[PDB]
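Data block for run-v9.cif (mmCIF, C-alpha atoms and all ligand atoms):
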data_data
loop_
_atom_site.label_atom_id
_atom_site.label_comp_id
_atom_site.auth_asym_id
_atom_site.auth_seq_id
_atom_site.Cartn_x
_atom_site.Cartn_y
_atom_site.Cartn_z
CA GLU A 1 242.59 194.77 29.36
CA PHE A 2 242.52 190.97 29.59
CA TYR A 3 239.93 190.78 26.81
CA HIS A 4 238.49 193.34 24.41
CA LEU A 5 235.45 193.18 22.15
CA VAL A 6 236.21 192.40 18.51
CA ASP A 7 232.84 191.30 17.18
CA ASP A 8 229.34 192.15 18.45
CA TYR A 9 226.68 190.35 16.39
CA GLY A 10 223.85 192.74 17.20
CA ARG A 11 220.37 191.42 16.45
CA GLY A 12 217.84 190.66 13.73
CA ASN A 13 218.88 191.23 10.14
CA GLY A 14 222.16 192.80 11.21
CA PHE A 15 222.84 189.52 13.05
CA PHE A 16 221.87 187.31 10.10
CA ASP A 17 224.06 189.44 7.80
CA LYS A 18 227.04 188.00 9.68
CA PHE A 19 226.19 184.39 8.80
CA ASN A 20 226.09 182.24 5.67
CA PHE A 21 223.05 179.94 5.52
CA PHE A 22 224.05 176.31 4.90
CA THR A 23 221.66 174.56 2.49
CA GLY A 24 223.47 171.33 1.65
CA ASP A 25 222.31 167.89 2.73
CA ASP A 26 222.88 167.43 6.47
CA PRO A 27 226.41 166.14 7.17
CA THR A 28 225.02 164.23 10.15
CA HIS A 29 222.42 162.57 7.89
CA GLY A 30 219.40 163.92 9.75
CA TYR A 31 215.84 164.14 8.48
CA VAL A 32 216.21 167.88 7.98
CA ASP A 33 215.78 170.35 5.13
CA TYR A 34 218.14 173.29 5.65
CA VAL A 35 216.66 176.30 3.89
CA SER A 36 217.97 179.59 2.54
CA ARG A 37 217.64 182.86 4.42
CA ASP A 38 214.84 184.03 2.11
CA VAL A 39 212.85 180.82 2.52
CA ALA A 40 213.46 180.77 6.29
CA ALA A 41 212.23 184.36 6.60
CA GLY A 42 209.21 183.48 4.47
CA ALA A 43 208.41 180.50 6.69
CA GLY A 44 208.87 182.30 10.00
CA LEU A 45 212.00 180.26 10.82
CA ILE A 46 214.06 183.40 11.49
CA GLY A 47 213.37 186.89 12.74
CA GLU A 48 213.27 189.08 15.81
CA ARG A 49 211.05 188.66 18.88
CA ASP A 50 210.96 191.72 21.15
CA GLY A 51 214.60 192.54 20.45
CA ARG A 52 215.86 188.95 20.67
CA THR A 53 217.07 187.15 17.55
CA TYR A 54 214.91 184.14 16.68
CA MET A 55 215.97 180.95 14.84
CA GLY A 56 213.61 177.98 14.82
CA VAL A 57 212.11 175.14 12.79
CA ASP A 58 208.94 174.36 10.86
CA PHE A 59 206.36 173.23 13.44
CA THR A 60 203.39 173.71 11.13
CA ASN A 61 203.62 171.45 8.08
CA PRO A 62 203.94 167.69 7.73
CA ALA A 63 207.46 167.11 6.42
CA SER A 64 208.49 165.88 2.96
CA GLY A 65 211.63 165.65 0.84
CA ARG A 66 214.93 165.92 2.73
CA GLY A 67 213.07 166.39 6.01
CA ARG A 68 211.59 168.96 8.38
CA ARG A 69 212.62 172.53 7.56
CA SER A 70 215.24 174.23 9.74
CA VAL A 71 218.29 176.47 9.38
CA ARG A 72 222.05 176.08 9.90
CA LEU A 73 223.97 179.35 10.17
CA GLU A 74 227.76 179.47 9.98
CA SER A 75 229.60 182.73 10.77
CA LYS A 76 231.42 184.61 8.03
CA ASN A 77 234.11 185.69 10.50
CA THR A 78 236.47 183.23 12.18
CA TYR A 79 238.48 183.37 15.41
CA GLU A 80 241.63 181.49 16.43
CA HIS A 81 241.91 182.60 20.07
CA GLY A 82 239.30 184.41 22.12
CA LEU A 83 236.18 184.37 24.25
CA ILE A 84 232.74 183.64 22.79
CA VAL A 85 229.82 184.75 24.96
CA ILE A 86 226.23 183.95 24.08
CA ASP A 87 223.30 185.12 26.20
CA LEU A 88 220.17 183.09 25.45
CA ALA A 89 216.61 183.66 26.61
CA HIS A 90 215.59 180.34 25.05
CA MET A 91 217.20 177.36 23.27
CA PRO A 92 215.66 174.42 21.38
CA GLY A 93 213.72 172.38 23.93
CA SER A 94 214.10 168.75 24.99
CA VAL A 95 211.95 167.74 22.05
CA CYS A 96 211.88 164.15 20.85
CA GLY A 97 213.61 163.72 17.50
CA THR A 98 215.56 166.98 17.62
CA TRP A 99 219.29 167.59 17.74
CA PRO A 100 220.15 171.26 18.38
CA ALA A 101 223.67 172.64 18.61
CA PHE A 102 225.57 175.89 19.08
CA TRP A 103 229.17 175.12 18.23
CA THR A 104 232.36 176.07 16.41
CA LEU A 105 234.14 174.44 13.50
CA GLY A 106 237.72 174.88 12.31
CA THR A 107 238.86 175.61 8.77
CA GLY A 108 239.95 172.92 6.33
CA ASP A 109 238.90 169.27 6.33
CA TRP A 110 237.13 168.09 9.48
CA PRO A 111 238.29 167.26 12.17
CA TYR A 112 241.76 168.66 11.47
CA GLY A 113 240.77 172.22 12.34
CA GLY A 114 239.02 171.06 15.49
CA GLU A 115 235.39 171.36 16.58
CA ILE A 116 233.89 172.69 19.80
CA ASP A 117 230.36 171.74 20.83
CA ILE A 118 229.26 174.40 23.33
CA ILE A 119 225.55 173.58 23.57
CA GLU A 120 224.35 170.23 22.22
CA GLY A 121 222.01 167.36 22.96
CA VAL A 122 219.25 165.19 21.53
CA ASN A 123 215.64 164.21 22.04
CA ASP A 124 214.50 164.53 25.67
CA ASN A 125 217.98 165.15 27.13
CA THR A 126 218.10 167.07 30.40
CA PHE A 127 221.80 167.91 30.70
CA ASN A 128 223.96 169.80 28.22
CA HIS A 129 226.99 168.13 26.60
CA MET A 130 230.19 170.07 25.96
CA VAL A 131 232.48 168.24 23.55
CA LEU A 132 235.61 168.60 21.44
CA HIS A 133 236.24 166.65 18.24
CA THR A 134 239.83 166.55 16.97
CA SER A 135 242.35 164.63 14.89
CA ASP A 136 244.32 161.86 16.62
CA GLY A 137 246.58 162.77 19.52
CA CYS A 138 244.44 164.83 21.91
CA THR A 139 243.23 163.76 25.37
CA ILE A 140 242.16 165.86 28.36
CA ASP A 141 242.84 165.83 32.09
CA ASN A 142 240.07 165.14 34.59
CA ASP A 143 240.05 168.25 36.81
CA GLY A 144 239.26 171.95 36.81
CA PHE A 145 235.56 171.70 35.91
CA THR A 146 232.22 171.02 37.59
CA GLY A 147 230.65 168.80 34.94
CA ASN A 148 231.06 165.02 34.70
CA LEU A 149 233.76 163.73 32.35
CA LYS A 150 232.33 161.07 30.02
CA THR A 151 235.13 160.56 27.48
CA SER A 152 238.76 161.72 27.70
CA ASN A 153 239.92 161.15 24.11
CA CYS A 154 238.98 163.99 21.76
CA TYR A 155 240.01 162.04 18.65
CA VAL A 156 236.86 161.48 16.57
CA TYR A 157 237.77 157.81 16.12
CA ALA A 158 239.20 157.26 19.59
CA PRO A 159 239.56 153.54 20.35
CA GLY A 160 237.02 152.34 22.89
CA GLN A 161 234.55 155.22 22.41
CA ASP A 162 231.51 155.32 20.13
CA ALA A 163 232.40 156.69 16.69
CA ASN A 164 232.82 160.47 16.89
CA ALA A 165 231.95 160.70 20.57
CA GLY A 166 234.91 163.02 21.04
CA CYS A 167 235.93 164.09 24.55
CA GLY A 168 232.75 165.09 26.33
CA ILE A 169 231.80 166.54 29.69
CA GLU A 170 228.17 166.51 30.85
CA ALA A 171 226.84 169.45 32.88
CA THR A 172 225.39 168.64 36.31
CA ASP A 173 222.80 171.43 36.28
CA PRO A 174 219.38 170.22 35.01
CA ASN A 175 218.79 173.76 33.74
CA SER A 176 221.86 173.65 31.51
CA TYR A 177 219.87 172.47 28.49
CA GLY A 178 216.49 172.40 26.76
CA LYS A 179 213.42 172.17 28.97
CA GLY A 180 215.04 173.25 32.23
CA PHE A 181 217.11 175.97 30.55
CA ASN A 182 213.98 177.46 29.03
CA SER A 183 211.95 177.23 32.25
CA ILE A 184 214.38 179.61 33.99
CA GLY A 185 214.64 182.04 31.09
CA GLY A 186 217.93 180.71 29.75
CA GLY A 187 221.36 181.93 30.74
CA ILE A 188 224.86 182.51 29.40
CA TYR A 189 227.46 180.17 27.90
CA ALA A 190 230.99 181.58 27.70
CA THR A 191 233.68 179.71 25.79
CA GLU A 192 237.37 180.55 26.00
CA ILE A 193 239.97 179.27 23.52
CA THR A 194 243.68 179.67 24.30
CA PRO A 195 246.89 177.93 23.18
CA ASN A 196 246.72 176.02 26.48
CA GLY A 197 243.16 174.74 26.23
CA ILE A 198 239.43 175.45 26.13
CA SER A 199 236.98 176.27 28.94
CA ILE A 200 233.20 176.61 28.96
CA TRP A 201 231.20 178.35 31.69
CA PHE A 202 227.44 178.12 32.15
CA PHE A 203 225.71 180.86 34.12
CA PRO A 204 222.01 180.16 34.63
CA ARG A 205 219.82 183.27 34.32
CA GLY A 206 220.64 185.71 37.11
CA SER A 207 223.95 184.19 38.22
CA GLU A 208 226.25 185.82 35.67
CA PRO A 209 229.24 187.91 36.82
CA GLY A 210 229.22 191.69 36.38
CA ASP A 211 231.70 191.79 33.48
CA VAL A 212 230.48 188.85 31.37
CA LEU A 213 228.34 191.07 29.14
CA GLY A 214 230.61 194.11 29.28
CA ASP A 215 233.46 195.14 26.99
CA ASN A 216 236.27 193.65 29.08
CA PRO A 217 235.33 190.29 30.59
CA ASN A 218 237.95 188.53 32.71
CA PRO A 219 237.29 184.76 33.02
CA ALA A 220 240.15 184.58 35.53
CA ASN A 221 237.83 185.76 38.30
CA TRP A 222 234.79 183.67 37.33
CA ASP A 223 233.58 180.58 39.18
CA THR A 224 234.84 177.15 38.13
CA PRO A 225 233.92 176.38 34.50
CA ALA A 226 231.37 173.65 33.74
CA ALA A 227 233.85 172.03 31.37
CA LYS A 228 237.60 172.43 30.91
CA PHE A 229 239.74 170.80 28.23
CA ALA A 230 243.47 170.87 28.88
CA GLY A 231 246.59 168.92 29.79
CA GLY A 232 249.86 167.75 28.29
CA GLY A 233 248.02 165.11 26.32
CA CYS A 234 247.16 167.54 23.52
CA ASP A 235 248.83 170.17 21.34
CA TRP A 236 246.07 172.70 21.95
CA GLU A 237 247.55 175.27 19.59
CA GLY A 238 247.90 172.93 16.63
CA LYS A 239 244.71 170.90 17.07
CA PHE A 240 242.46 173.93 16.59
CA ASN A 241 242.62 176.70 13.98
CA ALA A 242 240.32 179.58 12.96
CA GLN A 243 236.84 178.72 14.29
CA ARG A 244 233.51 179.77 12.81
CA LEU A 245 230.34 179.89 14.94
CA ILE A 246 227.42 177.64 14.01
CA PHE A 247 223.74 177.47 14.99
CA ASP A 248 221.63 174.51 13.89
CA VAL A 249 218.81 172.14 14.67
CA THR A 250 218.74 168.86 12.79
CA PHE A 251 216.38 165.88 13.27
CA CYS A 252 217.08 162.17 13.84
CA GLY A 253 220.33 161.33 12.06
CA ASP A 254 223.55 159.82 13.41
CA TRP A 255 222.89 160.64 17.07
CA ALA A 256 219.21 161.49 17.74
CA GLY A 257 217.91 158.97 15.22
CA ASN A 258 220.32 156.25 16.30
CA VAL A 259 219.39 156.44 20.00
CA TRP A 260 215.66 157.01 19.42
CA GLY A 261 214.65 153.45 20.30
CA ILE A 262 216.50 153.13 23.61
CA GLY A 263 215.36 156.37 25.23
CA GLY A 264 212.11 157.91 26.41
CA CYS A 265 211.01 158.86 22.89
CA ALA A 266 210.68 155.23 21.81
CA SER A 267 206.99 155.31 22.74
CA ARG A 268 206.22 158.29 20.48
CA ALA A 269 206.60 156.23 17.31
CA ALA A 270 208.51 153.21 16.03
CA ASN A 271 211.05 155.44 14.28
CA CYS A 272 212.38 158.96 14.68
CA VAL A 273 211.64 159.88 11.07
CA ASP A 274 207.97 158.90 11.30
CA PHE A 275 207.55 161.09 14.36
CA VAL A 276 209.33 164.13 12.90
CA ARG A 277 207.47 163.86 9.59
CA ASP A 278 203.94 163.46 10.98
CA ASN A 279 203.95 165.58 14.16
CA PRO A 280 204.76 169.19 13.24
CA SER A 281 203.17 170.69 16.37
CA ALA A 282 205.71 168.87 18.55
CA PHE A 283 208.54 171.16 17.47
CA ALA A 284 207.24 174.56 18.58
CA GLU A 285 209.83 174.70 21.39
CA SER A 286 212.74 174.04 19.02
CA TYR A 287 214.05 177.59 18.67
CA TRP A 288 216.89 179.83 19.76
CA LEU A 289 216.19 183.27 21.20
CA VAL A 290 219.42 185.26 21.42
CA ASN A 291 219.81 188.28 23.70
CA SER A 292 223.41 188.82 22.57
CA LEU A 293 226.38 187.13 20.88
CA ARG A 294 229.75 188.78 21.38
CA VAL A 295 233.29 187.64 20.65
CA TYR A 296 236.38 188.91 22.45
CA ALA A 297 240.10 188.58 21.81
CA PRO A 298 243.13 188.68 24.11
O1 LIG B 301 227.83 161.56 24.01
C1 LIG B 301 227.63 160.16 23.81
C2 LIG B 301 227.04 159.92 22.42
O2 LIG B 301 227.92 160.44 21.41
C3 LIG B 301 227.34 160.30 20.11
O3 LIG B 301 228.23 160.84 19.12
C4 LIG B 301 227.90 162.20 18.81
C5 LIG B 301 228.69 163.15 19.70
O4 LIG B 301 228.29 162.95 21.07
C6 LIG B 301 228.39 164.58 19.29
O5 LIG B 301 229.18 165.49 20.06
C7 LIG B 301 228.71 164.75 17.81
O6 LIG B 301 228.38 166.09 17.41
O7 LIG B 301 227.96 163.82 17.02
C8 LIG B 301 228.30 162.47 17.37
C9 LIG B 301 227.57 161.49 16.45
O8 LIG B 301 227.99 161.70 15.10
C10 LIG B 301 227.13 158.82 19.79
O9 LIG B 301 226.55 158.68 18.49
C11 LIG B 301 226.22 158.20 20.84
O10 LIG B 301 226.10 156.79 20.60
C12 LIG B 301 226.84 158.43 22.21
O11 LIG B 301 225.96 157.91 23.23
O1 LIG B 302 229.97 169.77 9.17
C1 LIG B 302 231.20 169.51 9.83
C2 LIG B 302 231.55 168.04 9.79
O2 LIG B 302 230.73 167.37 10.77
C3 LIG B 302 231.01 165.96 10.87
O3 LIG B 302 230.18 165.43 11.84
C4 LIG B 302 230.74 165.28 9.52
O4 LIG B 302 231.04 163.90 9.61
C5 LIG B 302 231.59 165.94 8.43
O5 LIG B 302 231.27 165.37 7.16
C6 LIG B 302 231.31 167.44 8.40
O6 LIG B 302 232.16 168.08 7.46
#
Would it be possible to restate this file's structure as structure tokens?
Amino acid sequence: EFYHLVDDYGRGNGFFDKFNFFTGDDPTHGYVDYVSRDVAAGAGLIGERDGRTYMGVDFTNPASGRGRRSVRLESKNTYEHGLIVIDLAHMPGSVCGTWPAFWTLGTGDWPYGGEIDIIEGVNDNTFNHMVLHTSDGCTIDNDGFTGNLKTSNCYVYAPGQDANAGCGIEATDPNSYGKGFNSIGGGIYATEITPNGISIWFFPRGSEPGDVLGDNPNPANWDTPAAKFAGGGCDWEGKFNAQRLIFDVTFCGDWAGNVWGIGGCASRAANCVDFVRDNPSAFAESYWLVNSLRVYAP
């Protein structure tokens, strides 16, 4: 009894019933128009596809107003310590101008409750980024994971790191994100939060352990995590509080929009906004397809 199930999200409407739909202007300043559940359902942005829960974006109409239509779901329930396991058949692709993310956010004013980016990236990225964003006074050790450490200071305004880079670790598997991830039918991302740290495992389709989807997973016997955040350089218990789960896909903005001109999407249009507004068909691959989402507690 290392871990026991405390919250199974099910699928379809039962799944959406466990989330609040965020409709405010995008905090990351993207060219996105977050819509309500009713509007999303009416636009085909959410639903069920052969038993899997679907969440995508508008890939039909030229954009206007705040931006291209999408959804941002934040869980009603919160968890302080536990294991979050998501099994995906598909995630938003490596589409130019997009910025998808499956993550967790603490309670209170950001970043004081902590933030965990489990699946995140922008534009035509190949590798997934796993990152923590915290208040000042939190750095991680460089060992215990298979990914490549990019930044060690989790403080959102860490000196010497781009603003809000946080402490990030990049996966080494090309199938850990977008295009590659979808070509193999997805996989599973398991995230463990304890008073001693946070760990994130990525199991590409077919390589998951026998208990990962069961009622009593035991991360202790799993292969090395893709990312591990720990060490005496952080008060792990105090830096993170009750976390809510979030699904979203924004466009351009602080990250995707800012790096548009230096990457491979630069040739698609002079600016990210122009591309996102005038090329609806380009975003057909920008959707999540969830097999299951289950949360466990020690
Ligand atoms: O990862 C390097 C990249 O970080 C960018 O900051 C992102 C951060 O990576 C992401 O985890 C967070 O959710 O959003 C911030 C931006 O607000 C940074 O903007 C890039 O310049 C940098 O290359
Ligand atoms: O949405 C969670 C937080 O994300 C951060 O990137 C933004 O800067 C905050 O304004 C926001 O509250």
Environment of ligand LIG 302 (chain B) within 12 Å, counting all atoms listed in the file, reported as a PDB file with C-alpha atoms, in the coordinates of the input:
ATOM      1  CA  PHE A  22     224.050 176.310   4.900  1.00  0.00           C
ATOM      2  CA  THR A  23     221.660 174.560   2.490  1.00  0.00           C
ATOM      3  CA  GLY A  24     223.470 171.330   1.650  1.00  0.00           C
ATOM      4  CA  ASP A  25     222.310 167.890   2.730  1.00  0.00           C
ATOM      5  CA  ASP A  26     222.880 167.430   6.470  1.00  0.00           C
ATOM      6  CA  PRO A  27     226.410 166.140   7.170  1.00  0.00           C
ATOM      7  CA  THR A  28     225.020 164.230  10.150  1.00  0.00           C
ATOM      8  CA  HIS A  29     222.420 162.570   7.890  1.00  0.00           C
ATOM      9  CA  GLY A  30     219.400 163.920   9.750  1.00  0.00           C
ATOM     10  CA  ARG A  72     222.050 176.080   9.900  1.00  0.00           C
ATOM     11  CA  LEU A  73     223.970 179.350  10.170  1.00  0.00           C
ATOM     12  CA  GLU A  74     227.760 179.470   9.980  1.00  0.00           C
ATOM     13  CA  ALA A 101     223.670 172.640  18.610  1.00  0.00           C
ATOM     14  CA  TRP A 103     229.170 175.120  18.230  1.00  0.00           C
ATOM     15  CA  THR A 104     232.360 176.070  16.410  1.00  0.00           C
ATOM     16  CA  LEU A 105     234.140 174.440  13.500  1.00  0.00           C
ATOM     17  CA  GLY A 106     237.720 174.880  12.310  1.00  0.00           C
ATOM     18  CA  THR A 107     238.860 175.610   8.770  1.00  0.00           C
ATOM     19  CA  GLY A 108     239.950 172.920   6.330  1.00  0.00           C
ATOM     20  CA  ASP A 109     238.900 169.270   6.330  1.00  0.00           C
ATOM     21  CA  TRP A 110     237.130 168.090   9.480  1.00  0.00           C
ATOM     22  CA  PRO A 111     238.290 167.260  12.170  1.00  0.00           C
ATOM     23  CA  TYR A 112     241.760 168.660  11.470  1.00  0.00           C
ATOM     24  CA  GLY A 113     240.770 172.220  12.340  1.00  0.00           C
ATOM     25  CA  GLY A 114     239.020 171.060  15.490  1.00  0.00           C
ATOM     26  CA  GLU A 115     235.390 171.360  16.580  1.00  0.00           C
ATOM     27  CA  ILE A 116     233.890 172.690  19.800  1.00  0.00           C
ATOM     28  CA  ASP A 117     230.360 171.740  20.830  1.00  0.00           C
ATOM     29  CA  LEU A 132     235.610 168.600  21.440  1.00  0.00           C
ATOM     30  CA  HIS A 133     236.240 166.650  18.240  1.00  0.00           C
ATOM     31  CA  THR A 134     239.830 166.550  16.970  1.00  0.00           C
ATOM     32  CA  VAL A 156     236.860 161.480  16.570  1.00  0.00           C
ATOM     33  CA  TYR A 157     237.770 157.810  16.120  1.00  0.00           C
ATOM     34  CA  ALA A 163     232.400 156.690  16.690  1.00  0.00           C
ATOM     35  CA  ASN A 164     232.820 160.470  16.890  1.00  0.00           C
ATOM     36  CA  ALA A 165     231.950 160.700  20.570  1.00  0.00           C
ATOM     37  CA  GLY A 166     234.910 163.020  21.040  1.00  0.00           C
ATOM     38  CA  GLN A 243     236.840 178.720  14.290  1.00  0.00           C
ATOM     39  CA  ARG A 244     233.510 179.770  12.810  1.00  0.00           C
ATOM     40  CA  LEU A 245     230.340 179.890  14.940  1.00  0.00           C
ATOM     41  CA  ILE A 246     227.420 177.640  14.010  1.00  0.00           C
ATOM     42  CA  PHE A 247     223.740 177.470  14.990  1.00  0.00           C
ATOM     43  CA  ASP A 248     221.630 174.510  13.890  1.00  0.00           C
ATOM     44  CA  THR A 250     218.740 168.860  12.790  1.00  0.00           C
ATOM     45  CA  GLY A 253     220.330 161.330  12.060  1.00  0.00           C
ATOM     46  CA  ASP A 254     223.550 159.820  13.410  1.00  0.00           C
ATOM     47  CA  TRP A 255     222.890 160.640  17.070  1.00  0.00           C
TER      48      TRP A 255
END
Do you know which residues are at most 9 Å from range 123-128 of chain A counting all atoms listed in the file, after dropping those on the same chain fewer than 5 positions away, and could you put them as a ChimeraX atom specification? /A:93-99,118,169-181,251-252,256-257,259-260,263-265
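When all atoms listed in the file are used to compute distances to ligand LIG 301 (chain B), the closest of the residues A:5, A:71, A:83, A:131 turns out to be A:131.
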My list of candidates is A:213, A:41, A:6, A:249. Which is closest to ligand LIG 301 (chain B) when distances are computed with all atoms listed in the file?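 Comparing A:213, A:41, A:6, A:249 against ligand LIG 301 (chain B), the winner is A:249.
For the pair atom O6 of ligand LIG 301 (chain B) and CA of residue 32 in chain A, the interatomic distance is 15.5 Å.
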As lines of an AutoDock Vina configuration file, please: the centre and edge lengths in Å, to one decimal, of an axis-aligned box enclosing every listed atom of ligand LIG 301 (chain B) with 6 Å added on each side.
center_x = 227.6
center_y = 161.4
center_z = 19.6
size_x = 15.2
size_y = 21.3
size_z = 20.9
State, in Å with one decimal place, the distance from CA of residue 212 in chain A to CA of residue 46 in chain A.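 Computing it gives 26.4 Å between the two atoms.
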